[PDB]
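Reading through the structure tokens given below for one structure.
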Amino acid sequence: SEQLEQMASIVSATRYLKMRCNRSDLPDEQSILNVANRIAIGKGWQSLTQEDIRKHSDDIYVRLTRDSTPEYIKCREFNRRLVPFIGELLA
Ligand SMILES: [Cl-]
Ligand SMILES: [Cl-]
Ligand SMILES: [Cl-]
Ligand SMILES: [Cl-]
């Protein structure tokens, strides 16, 4: 599912920021998943569950850690790209 792929990618990138890019300001995993579930339900996505998003996000995260891009560039790319989602997270 592309909606699941999308949501899971946003959640895994946010985990990457928290774990490897010092983003102490971001909410916890439960909060992030709640917000992803809220967002999905607003977008009319009824099939997506927090467990589906969480499981796929785990798998994406592993792929992200293994990617040979320098870690600091990963951080810079995600910090720029997640600005909208982080606004929903902190709202
Ligand atoms: Cl950092
Ligand atoms: Cl759910
Ligand atoms: Cl769930
Ligand atoms: Cl590196």
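Each chain in the structure tokens gets a letter, A, B and so on, in the order shown; residues start at 1 in every chain, and ligands are counted from 1 in the order they appear.
Residues of protein or nucleic acid lying within 9 Å of ligand 4, counting only C-alpha atoms and all ligand atoms, are residues 68, 69, 70, 71, 72, 73 and 74 of chain A.
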Could you give me, as an mmCIF file with C-alpha atoms, in the first residue's frame, the residues within 10 Å of residue 35 (chain A), counting only C-alpha atoms and dropping anything in the same chain fewer than 5 positions from it?
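Saved as around-v3.cif:
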data_model
loop_
_atom_site.group_PDB
_atom_site.id
_atom_site.type_symbol
_atom_site.label_atom_id
_atom_site.label_comp_id
_atom_site.auth_asym_id
_atom_site.auth_seq_id
_atom_site.Cartn_x
_atom_site.Cartn_y
_atom_site.Cartn_z
ATOM 1 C CA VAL A 11 7.549 7.560 10.998
ATOM 2 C CA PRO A 27 7.471 13.296 20.724
ATOM 3 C CA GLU A 29 6.944 6.694 19.327
ATOM 4 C CA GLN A 30 3.433 6.260 20.736
ATOM 5 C CA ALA A 40 -4.396 8.887 7.976
ATOM 6 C CA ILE A 41 -7.990 9.119 9.269
ATOM 7 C CA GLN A 50 -0.698 1.896 14.018
ATOM 8 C CA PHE A 85 5.068 16.368 9.851
ATOM 9 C CA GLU A 88 1.712 18.169 13.280
ATOM 10 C CA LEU A 89 3.713 16.296 15.936
ATOM 11 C CA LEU A 90 4.374 19.380 18.069
ATOM 12 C CA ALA A 91 0.952 21.005 17.408
#
What residues of the protein or nucleic acid chains come within 9 Å of ligand 2 when you use only C-alpha atoms and all ligand atoms? Reply as a ChimeraX atom specification.
/A:33-34,37,47-53
Using N, CA and C atoms, can you write the selected residues to a file as a compact mmCIF listing (two decimals), in the first residue's frame?
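Saved as out29.txt:
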# COMPACT_ATOMS: atom_id res chain seq x y z
N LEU A 33 2.99 7.70 16.40
CA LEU A 33 2.03 6.77 15.79
C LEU A 33 0.59 7.26 15.90
N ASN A 34 0.23 7.85 17.05
CA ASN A 34 -1.11 8.43 17.25
C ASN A 34 -1.38 9.52 16.23
N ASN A 37 -1.81 8.07 12.83
CA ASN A 37 -3.16 7.49 12.77
C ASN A 37 -4.21 8.59 12.59
N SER A 47 -7.91 1.82 6.30
CA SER A 47 -7.22 0.54 6.44
C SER A 47 -5.99 0.59 7.34
N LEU A 48 -5.28 1.72 7.34
CA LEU A 48 -4.01 1.84 8.05
C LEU A 48 -4.18 1.76 9.56
N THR A 49 -3.46 0.83 10.18
CA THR A 49 -3.42 0.72 11.63
C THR A 49 -2.06 1.20 12.14
N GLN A 50 -1.98 1.55 13.42
CA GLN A 50 -0.70 1.90 14.02
C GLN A 50 0.27 0.71 14.03
N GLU A 51 -0.22 -0.52 14.21
CA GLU A 51 0.68 -1.68 14.14
C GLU A 51 1.26 -1.89 12.73
N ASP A 52 0.44 -1.71 11.69
CA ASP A 52 0.92 -1.79 10.30
C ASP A 52 2.01 -0.75 10.06
N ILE A 53 1.73 0.49 10.44
CA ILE A 53 2.68 1.61 10.27
C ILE A 53 3.97 1.33 11.04
Select the residues contacting ligand 1 at a distance of at most 10 Å, based on only C-alpha atoms and all ligand atoms, then format the selection as a compact mmCIF listing (two decimals) with C-alpha atoms, in the first residue's frame.
# COMPACT_ATOMS: atom_id res chain seq x y z
CA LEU A 17 16.02 11.93 13.71
CA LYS A 18 15.40 11.06 17.34
CA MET A 19 17.89 8.20 17.58
CA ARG A 20 20.75 9.40 15.34
CA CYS A 21 20.25 13.15 14.85
CA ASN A 22 19.72 14.38 18.40
CA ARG A 23 16.08 15.52 17.95
CA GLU A 71 25.03 9.94 8.55
CA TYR A 72 25.20 13.75 8.86
CA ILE A 73 23.64 14.09 5.36
CA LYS A 74 20.82 11.73 6.37
CA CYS A 75 20.19 14.02 9.35
CA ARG A 76 20.22 17.15 7.17
CA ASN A 79 15.45 17.65 9.23
Which residue out of A:36, A:83, A:13, A:64 has the minimum interatomic distance to ligand 3 when only C-alpha atoms and all ligand atoms are used?
A:36
note - CA of residue 31 (chain A) and CA of residue 60 (chain A) are separated by 19.0 Å
What's the 10 Å shell around residue 5 (chain A), counting only C-alpha atoms, without same-chain residues fewer than 2 positions away, as a ChimeraX atom specification?
/A:1-3,7-10,52-53,56-57,60
Would you mind reading off the distance between CA of residue 16 (chain A) and CA of residue 44 (chain A), one decimal, in Å?
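Pair CA of residue 16 (chain A) / CA of residue 44 (chain A) returns 27.0 Å.
Reported to one decimal place, the separation of CA of residue 15 (chain A) from CA of residue 65 (chain A) is 11.0 Å.
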Choose the residue, out of A:80, A:43, A:66, A:38, that has the smallest atom-to-atom separation from ligand 3; count only C-alpha atoms and all ligand atoms.
A:38
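Of the listed residues A:24, A:63, A:46, A:86, the one whose atoms come nearest to ligand 3 is A:46, with distances taken using only C-alpha atoms and all ligand atoms.
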